[PDB]
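Protein chains in written order, with the working numbering: chain A, 1 to 53; chain B, 1 to 210; chain C, 1 to 220.
Take a look at the structure set out below.
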Amino acid sequence: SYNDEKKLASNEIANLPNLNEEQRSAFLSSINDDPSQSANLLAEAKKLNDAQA
Amino acid sequence: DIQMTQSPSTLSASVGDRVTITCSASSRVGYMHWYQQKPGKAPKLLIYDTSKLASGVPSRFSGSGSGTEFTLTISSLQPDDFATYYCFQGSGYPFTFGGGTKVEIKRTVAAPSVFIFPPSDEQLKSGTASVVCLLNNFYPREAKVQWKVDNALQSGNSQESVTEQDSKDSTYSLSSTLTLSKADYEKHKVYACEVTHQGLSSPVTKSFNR
Amino acid sequence: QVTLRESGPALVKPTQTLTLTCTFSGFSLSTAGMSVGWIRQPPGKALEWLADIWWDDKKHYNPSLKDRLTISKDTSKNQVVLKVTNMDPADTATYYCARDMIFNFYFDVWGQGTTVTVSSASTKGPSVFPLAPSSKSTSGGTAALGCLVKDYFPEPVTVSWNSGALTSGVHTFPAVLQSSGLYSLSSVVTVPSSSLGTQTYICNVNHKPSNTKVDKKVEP
C-alpha cells in the first residue's frame, strides 16, 4: 500500500497554489521514488509555497 | 503481492433486479476500483476510489467497502449492464485485477427466427460450399441444430457460433455452418436445417433444393 | 479529451520479441504526475497488468512477466513503447494501454486494444462471400442478409455495414477455428423487406493482419 501514501501526498502537493511546473515535478518525483519521505517533502513544499506567496 | 477474489464469478438476474458483486483482497488497500467490460470492447472505468462514479456512469451504480472487503452494487439491472465487471487495486505493485464477474440478464423466453442461406455462386466456383443456418434473437441460450442432407443426418461437418447477449433485448443469436466440397454438394438435392428450442412447440425445419 | 491507441504486429513467432506502441492525445507524459500503463487479456481470461512508465521515467514491471518487459517513452511524439521478449502462445492476448496519474492510481482512460497472436502458422487473408437475402431469410416484415468471411488467420476481422451507417440489427458472430487451422465468421443484419429494392447494403470487411479490405454489396 505504498501507492496510497504516494496518492495522499501527491494530492496534498497538488493543493498548493504557488509552485511552478518544475517544482511540482520535483516533489512529485521524490514522492514517486520514496513515499516514506512524504511527511518531509510536504513540509518542504509548504515552506517553498509560502515563500512564493 | 495483493490479490482479489470476486464473487460470484457468474451472475444471472432479471431486469430491475438489484445486483451485488463482492471483491475480497488478500490484504488491506486504501481504495478499490471497478471496471465494466462489454463484449469486444476495452474496459471502462465504472467506480473509482471505492464509491465515486466515473463519468458517463448512471446513478444506478454504487460502490462500498474498506479494508479487504469491497462491493459493487447495481440498483436496477438494465439490459445494457450485460458485461464482465472487474475490481482493481492500485495501492501496491504489481497492480492487480479480480478474476471478473460475468453478469447475464434473465428475460422471458423467445423463440428463434430461423433462416437459411445456400452457398453463393461465387464460392461454388472456388470448389467449396458453405450452407448457413441462422437462429435469430432467442432466449435462453440453449438450442439444438441438426443438418440433414437428403434426409440423412450429418455429423462433424458443421460448426456453430453464438453471439453474446444483446445489450438491448438480452437475446442471443446462433449460426451453424455446413461445409462441403463443391463435389459432395452437387451429389445431393435437399439441404435442410432442423432447429429445436424451448420457445418452439415443435422443431422447425428450413430447407432448399439445389 | 483523452484517447490512446495501441499498434503493433497481429502475429509474431515463438521466441521472437514483440514491440507494441501506444500513441495518445489529450494529455502529455511530460506533465507532472502522469503515467501510461499496459494491461493484457488472453482469450476468455482476466485482465493482467504488465508495466507502467511515469513522466519522471520511473518504470514498474509485473514479476509474472519474468523480466521479459522493457517500457520506454517519447514525450515529444506522445508514444510509449513496450517490448516483450521470447513470445510464447501463452502470450496470445489483446494488449491495452491506458492513462494513470500519481493522484489516482487507477487507469481512467484505455485504448481500444490491439490483438496479438503467437504462432508459427503464417498469415492468410479472408475470402468474403455474399449471404443474399431471399424468401428463405424473411420473417415478417424483415429479411436477413450478410457476409461470410472464411479462411483467415490470425484474428481479428472487423465488419461494418454501409460505412458504419447501418448498426441496428447487425450480428457479427465470433470466429470459429476450422480443422484447417483457419478462422471463419459471418456477419448478418435484418432490415425491412421493403428496403431490398431501394437501399444498398454493403459489408466492409477488414482483415488488417493480411492488409485485406473488401467492400461487398449484398443483394437479392
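Just so you know, even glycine gets a beta-carbon here, dropped at the ideal spot from N, CA and C.
Chain-ordered neighbours of residue i on chain A, where CB pairs are closer than 9 Å
i: C:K58; result: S29, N32 and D33
Neighbour list for residue i in chain B, Cβ cutoff strictly below 8 Å
i: A:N3; result: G90, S91, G92 and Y93
i: C:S137; result: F115, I116, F117 and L134
Cβ-Cβ distance between residue i and residue j below 8 Å
i: B:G63; j: B:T50; result: yes
i: C:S137; j: C:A144; result: yes
i: C:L196; j: C:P174; result: no
i: C:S127; j: C:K150; result: yes
i: B:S91; j: B:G16; result: no
i: C:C22; j: C:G113; result: no
i: B:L180; j: B:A129; result: yes
i: B:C193; j: B:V114; result: yes
i: C:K73; j: C:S210; result: no
i: B:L174; j: B:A143; result: yes
i: C:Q41; j: C:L50; result: no
i: residue 241 of chain C; j: C:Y95; result: Since the first and last residues shown for chain C are 1 and 220, residue 241 of chain C lies out of range.
i: B:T71; j: B:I21; result: yes
i: B:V103; j: B:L46; result: no
i: C:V80; j: C:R68; result: no
i: B:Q154; j: B:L178; result: yes
For residue i, the three-state DSSP class (helix, strand or coil)
i: B:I2; result: coil
i: B:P119; result: coil
i: C:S135; result: helix
i: C:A143; result: strand
i: A:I13; result: helix
i: C:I102; result: coil
i: C:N86; result: coil
i: B:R18; result: coil
i: A:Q37; result: helix
i: C:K45; result: coil
i: B:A54; result: coil
i: residue 91 of chain A; result: Since the first residue of chain A shown is 1 and the last is 53, residue 91 of chain A is not available in this structure.
i: B:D184; result: helix
i: A:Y2; result: helix
i: residue 261 of chain B; result: In this structure chain B extends from 1 to 210, so residue 261 of chain B is not present and cannot be described.
i: C:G164; result: helix
i: B:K41; result: coil
Chain A contact residues for residue i, given Cβ-Cβ distances below 7 Å
i: B:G98; result: The premise fails here: B:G98 is roughly 17 Å from chain A at the closest Cβ pair, so nothing lies under 7 Å.
i: C:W54; result: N32
Interface residues of chain C facing residue i [CB-CB closer than 7 Å]
i: A:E21; result: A32
i: B:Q123; result: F129
i: A:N11; result: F103
Best match in the options for proximity to residue i [C-alpha to C-alpha]
i: B:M4; options: B:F61, B:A152 and B:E69; result: B:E69
i: A:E5; options: C:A90, C:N104, C:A10 and C:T3; result: C:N104
i: B:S14; options: B:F115, B:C133, B:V109 and B:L45; result: B:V109
i: B:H188; options: B:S201, B:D150, B:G156 and B:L178; result: B:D150
i: B:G199; options: B:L178, B:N137, B:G156 and B:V190; result: B:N137
i: residue 226 of chain B; options: B:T163, B:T96 and B:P8; result: Missing from the structure shown is residue 226 of chain B; chain B here goes from 1 to 210 and no further.
i: C:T142; options: C:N206, C:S35 and C:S168; result: C:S168
i: B:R141; options: B:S27, B:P119, B:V57 and B:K106; result: B:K106
i: C:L148; options: B:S120, B:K125, B:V162 and B:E164; result: B:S120
i: C:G44; options: C:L20, C:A90 and C:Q1; result: C:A90
Residue-chain proximity (residue i, chain E), Cβ-Cβ < 8 Å
i: A:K7; result: Considering every chain present, this structure includes no chain E. Its protein chains are A, B and C.
Proximal chain A residues relative to residue i, where beta-carbon distance stays under 8 Å
i: B:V29; result: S1 and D4
Interface partners of residue i on chain C, CB under 8 Å
i: A:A14; result: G33 and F103
i: B:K206; result: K136
Closer than 9 Å at the beta carbon, the chain C residues around residue i
i: A:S38; result: Going along chain C, no residue has its Cβ under 9 Å from A:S38, so there is no contact; the nearest lies around 12 Å.
i: B:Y48; result: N104, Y106 and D108
Contacts that residue i makes with chain B (C-beta to C-beta distance below 7 Å)
i: C:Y96; result: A42
i: C:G113; result: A42
heavy atom of the ligand SAM below 7 Å from residue i C-beta
i: B:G90; result: Ligands are entirely absent from the displayed structure, and the ligand SAM is therefore not among its contents.
message = Would you call the segment 29-37 of chain B in contact with the segment 73-85 of chain B, where contact means no fewer than 3 C-beta pairs closer than 8 Å?
response = Because the criterion of three Cβ pairs below 8 Å is met, the segment 29-37 of chain B and the segment 73-85 of chain B touch.
message = Across the segment 191-209 of chain B and the segment 31-43 of chain C, are there enough close Cβ pairs to call them in contact, namely three or more that are closer than 8 Å?
response = Per the Cβ contact rule, the segment 191-209 of chain B is not in contact with the segment 31-43 of chain C (fewer than 3 Cβ pairs under 8 Å).
message = Does the contact criterion of 3 or more C-beta pairs under 8 Å hold for the segment 148-166 of chain C versus the segment 114-125 of chain C?
response = Counting Cβ pairs under 8 Å, three or more are found: they touch.
message = So, does the segment 34-46 of chain A touch the segment 7-15 of chain A, judging by three or more C-beta pairs under 8 Å?
response = Look at the beta carbons and you see the segment 34-46 of chain A touching the segment 7-15 of chain A: at least three pairs across the two are nearer than 8 Å.
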